[PDB]
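Residue numbers (the numbering used here), protein chains in the order written: chain B, 29 to 68; chain E, 33 to 512; chain C, -1 to 46; chain S, 20 to 397; chain Y, 28 to 113. For each residue, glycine too, the CB sits at the ideal point set by N, CA and C. First up is the structure itself, then whatever we jot down about it.
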C-alpha cells in the first residue's frame, strides 16, 4: 500500500485444498476399505 | 584505507543526482502546477510524490547511510528563498553545496540543528507561496527519518516535526481558503504526517488528546473544503478507535455519509476491512463477509510483503463465523505460510465436528491468537461448527434421525439435540420436521425454488448493478 | 474585514470549487463535443 | 542408458514406504554398484539401507577406475581439441561424462551439462542433456530440474520435427502430468502409444501401458473409455495380455460393483508400491468410485441402498458415510434418504445452477475493471 | 489508566452484564467485557461464569444453568438470576 498501520503490524498446493479433506476424513484409504472385504 | 578511501567519494553524487532531481524536477515542476491548473488538484506530482516517498521509504529516503554525512536535510531547507525566477539560483546553490560534502570535512547538521531549520522557510522572509513544499521540507527529511526508531531524544524531534508542521497546519487553515487546491494536494501530505502522528505515539503512549485534535481537523473540513481529506481522517479514527475501547463500533452510523467519493482506490479498500472487523464484533456475518471479500479484490498491487498478507489473514476470520468455508491454503503465500501455520489447522478443524480435535487446536494454537485478539469468536464458533456439521448431514440426506445424528455429531444426549434443532428452526437453518415419540426426526426434500422464481428475481440486482457501471464508465470517460 | 476577506475567499472558493467542478463537467463536455462533431462529420460522410 | 539406474529409483521407493526388505533392495543395488560404476546411488542408499560394515575399497577401486575412466575422458578433452572438427571433439565429454552423473551426486550433472551446452549444433545432443536431467530428478525426489529442462527441450528441438526423441517428450510431460496432478493431458500425451515403442527412457512399455490405463479410467470419459481400447488397434493387444487390467476395464463398462472393490485394490497395490503415485493415490481412490457411482445414480430416480448392498456386497454403513462425504465435497450432488432406504436423483443441472457460472465468474471480472477504472485517471 | 484496585468493581461489572443478558440484548453483552477482553478467558473467574453461562444458553440450558446456579460467588446475582428465569 504501504501506508497507515499496514506495515506497522499445478500445483500440489492447489490439490492440498482437497487433499487435507482426506487427512481428517477416511484417510486415503486402502487398508480399511480392503479390510471391509471379509467383514461381511 | 586507500581502497575504501577512494570508494567513499563516488556514492554521495548519487543522492546529489537523483535525490536532487527528486524535488528539483517534481518540486520545481509542481511549482507551476500548483500556481495554476490546479485542476483538480492534478497536480499529478502529488500522486507522483506517492511514487517517491513510498519508494524513498525503502531507499534512499533522504538518508541513508550510503556514505554521506546526511547533509541533504539542511541543504534544501535553507535558502528557499524565494522570489521570481532566481529560484533557479537556489537550485544552483543546492548544487554548490554538493561539493562541500566531497571537498571539505563533512558535518552533520541534522537532529539538534534541525529545529531552527524548519523555521528557516519562515525566517527566509518569505516562503513566500507553497506550504506543501515546506511541509515536504518538514516531512520528507524527518518523517522517513522516523524509520530509524532509535527512541532516544529524537522522538521529540519527530514531535518537533509534528510541531513545526502543525505550524504548517496553521498556514493550512489561515492562508488561502478560496480555491486552494493545495489542501487537496496536502490531503495526501496531511494524511501521511497524521499517519506518522499515530505511529510515533504508538511507541510511547496512545494519543488521548490527539483524538480530540483529530475531530478538530475532521469536522472543520466540512463542509468548506473536503476532498479525500475527511476519509483519511476517518481512517485514523476507525483504525485506532477499533484497537481501543469503546463504543466506536456504532459510531460509523452518524459519521457516514460514506464518505464519497472513495479515494484513493485501494486506500478506501482497506477501510472496508477496518469496519469489517468492527461489524464482526456486531456478530452480523452477512454484511461482514461482503465487506471482507470486497477488501481483498479491491486491494492492489503489493509486493512487499506480508502487509497485505497479514491483513488478509484476519480478513477471512469472518468466514470462520459464516459456517461455510473451504481450506484456506488456497490463499496461502510462502511468506505468509510460516505465520499462518497455527491459524491454518484451525479452519481445518472447523470443517470437522470433532470436539477433541477442535479443543486441541485451541490449546496449542491459542498462543498465536493472543496477538490477533480474535478470542471473541472461539466461544461462539463452537455453535458455528455444529451448524456446519448438521448442514453437511442435512444436505447429504433427506431424513436424518436425532439418535443417529446424536453420536455422529456427538451431541451425546437426546435432550440437547431437541434444543439445537429448535434453535436451528428459529435461525431458519433447517426445514426438518420432527416426530417426537422416543423421539426421532423425519424430514423431507425442500423444493419449488425452481427457475421462474429465484434467478429472475436475483437478476434485478444483477442488472441494476451492471447498468450503474455503464454510468461509471461514462463518468470516467467525461474527465479526459 | 472579518466578514469578510477571509470569508469571501471561502465564498470565492465555493465558486472556484464549482468552477473546477464545472471545468470537470466541461472537460466531460469538451471531449464529448468531439464525439458529436466526429459523428456530425460522419453524418456528412454518409452525405458525402 | 537409464533403466539399470532408473530401477535404482524404483529401489528407492521400494525402500521408502515398505521397511520389510532391506537386503533384497541392497543386493541388486550392490549388483548395480559392482557394474555401471554407481557411487552415490549406493551412498544415498547407504543412509536409507544398511550402513554395511564395508563398501569402501571394493567400490573405491571402482571410483578409482572411474577416475581412470574419468581422467581419460578429461584427457580426451585436450587431446581431441588439439585437432579441429565440428561438434566432434566435445561430444565425447557429454554423454560419457554425464554418464558420470550416473556414477555419483550432481558433480557429473551440473558441470558437464553447461560445459557441453554451447557447442552442440544438433538438437539430439541438447536433449541428451535434458534426458540426464530427468533421471537425476527421478532418482532424487527434487522436482526442480525436471521442469526446466523440458521447457528448454520444447523450444529448441520442436522447431522443427523429429520422430524419435520428440515422442519421448510427450511421454516426459505426460509422466510429469501424472507426476503432478493433471488427468486430462496425461492420457492425451499418452495417445502416441506404440509409436514410441520401447526405449531405455521408456522402461518397460507394458508398464507404460499400465501408467496410461490408470489415468484413462478417469480423464477419458465412458463413451471414449471403451472407444480408445476397442477401436484403438496397437493398444488393444497389450491390454489383452494382462488379464487383471483388461477385466477391470470391461467390468467398469459392465457396471458390476462386486468386482470393483477387489480389482480396484489390485490397481491400488500397484498405485501404492509405485513411486510418484504416493501423493496422488488419495484422490484416485474415490475418483474411480464416483466414476462408477456417476452411472450408478443416473440409472434410477429412486434407488434403495439395500439394492446397493447387493452389488457392493454388502454396503450398509460403509456407503452411509462414504456417499455422504462425497456430497459435502461437491462430488456427485445427490439426495440419499436415511433409514428410509431411498436415493433421489437429481440434481437437474440442465437449467438452474448451470446459469451461475455467468455472473459468479463475471463478478470478480467486472469488479477488476471497476477498481481499475477508478485508477484512470488517478 | 493507573488507578488503585477496588473491591466491588468485580461483581458490578457482572451485575449490569447479567441484567443485560436477562433483557436478551447480545450486542451490549460482549462490549461491556471489552474493558479487559484479552484477559476474559485468561483470568477473572467472575467474568468466566457469564461467558460460560451464555455458552449454556446455546446448549440450551435450562439444565446446565441451574446446576451452575447451585454455586456462584455470586455476588448479588440473586436478583438477576430470577429475571434470567423468566
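Within the model, the alpha-carbon separation for residue 78 (chain E) versus residue 67 (chain E) is close to 14 Å. In terms of beta-carbon proximity, residue -1 (chain C) stays away from the interface with chain E, with every pair separated by 7 Å or more.
Apart from the 5 residues on each side of it in sequence, residue 55 (chain S) sits with its Cβ closer than 6 Å to the Cβ of 23 in its chain, given in chain order. In this structure, residue 83 (chain Y) sits near residue 92 (chain Y), with a CB-CB distance shorter than 7 Å. For residue 37 (chain E), the number of other beta carbons within 10 angstroms of its own is below 16, and it is reported as exposed. Rounded to the nearest angstrom, the gap between the Cα atoms of residue 60 (chain Y) and residue 80 (chain Y) is 14 Å.
When DSSP states are grouped into helix, strand and coil, residue 79 (chain S) belongs to the helix group. Within chain S, no residue has its CB atom less than 7 Å from the CB of residue 30 (chain B), the nearest being about 17 Å off. For a cut-off of 8 Å, the C-beta gap from residue 238 (chain S) to residue 205 (chain S) is around 6 Å, short enough to register as a contact. By the Cβ neighbour-count rule, residue 274 (chain S) is exposed, with fewer than 16 other Cβ atoms within 10 Å of its own. A distance of 7 Å or more separates the beta carbons of residue 201 (chain E) and residue 8 (chain C).
Residues 108 of the same chain have their beta carbon placed closer than 7 Å to that of residue 96 (chain Y), with the five preceding and five following residues left out of the count. Residues 334 of the same chain have their beta carbon placed closer than 6 Å to that of residue 327 (chain S), with the five preceding and five following residues left out of the count. Between residue 320 (chain E) and residue 312 (chain E), the C-beta gap is smaller than 7 Å, which places the two residues in contact. By the rule that beta-carbons nearer than 7 Å mark a contact, residue 70 (chain E) does not touch chain B. For chain B, none of the residues of the segment 133 to 159 of chain S brings a beta carbon within less than 9 Å of one of its beta carbons. In its chain, beyond the 5 residues on either side, 267, 270, 271 and 274 have a beta carbon closer than 8 Å to the beta carbon of residue 306 (chain E). Rounded to whole angstroms, the gap between the alpha carbons of residue 347 (chain S) and residue 450 (chain E) is 24 Å.
Taking the Cα positions, residue 219 (chain S) is about 40 Å away from residue 313 (chain S).
Following the DSSP letters along the chain, one finds residue 237 (chain S) in no beta strand (DSSP E), marked with neither H nor E. Note: residue 362 (chain S) is bridge-paired with S:322 and S:355 in the DSSP secondary-structure output. In the structure shown, residue 22 (chain S) adopts helical secondary structure according to DSSP, grouped into three states.
The secondary-structure analysis by DSSP pairs residue 467 (chain E) across a beta bridge with E:472. A straight line joining the alpha-carbon of residue 359 (chain S) with that of residue 365 (chain S) spans about 17 Å.
Taking one beta carbon from each stretch, the segment 166 to 176 of chain E and the segment 478 to 491 of chain E have fewer than 3 pairs nearer than 8 Å; the two do not touch.
Short of 6 Å from the beta carbon of residue 211 (chain S), and not among the five residues preceding or following it, lie these beta carbons of its own chain, in chain order: 186 and 189. Using a CB distance cut-off of 7 Å, residue 79 (chain E) counts as an interface residue toward chain S. Those residues of the segment 259 to 276 of chain E placed with their C-beta closer than 9 Å to a C-beta in chain Y do not exist. Cβ neighbours of residue 116 (chain S) within its own chain (closer than 7 Å, five residues either side excluded): 92, 127 and 131. For residue 267 (chain S), the enclosing alpha helix (DSSP H) covers residues 262 to 273. Inter-residue distance for residue 88 (chain S) and residue 74 (chain S) is about 20 Å (C-alpha atoms, whole angstroms). The beta-bridge partner set that DSSP reports for residue 83 (chain Y) is empty.
Residue 429 (chain E) sits in a strand when the DSSP states are folded into three classes.
Any Cβ of chain C closer than 7 Å to the Cβ of residue 291 (chain E) would place that residue at the interface, and such an atom is absent.
Contact between the segment 128 to 141 of chain E and the segment 50 to 63 of chain B is not established, with fewer than three Cβ pairs separated by less than 8 Å. Taken atom to atom, the span from the alpha-carbon of residue 58 (chain S) to that of residue 66 (chain S) is near 13 Å.
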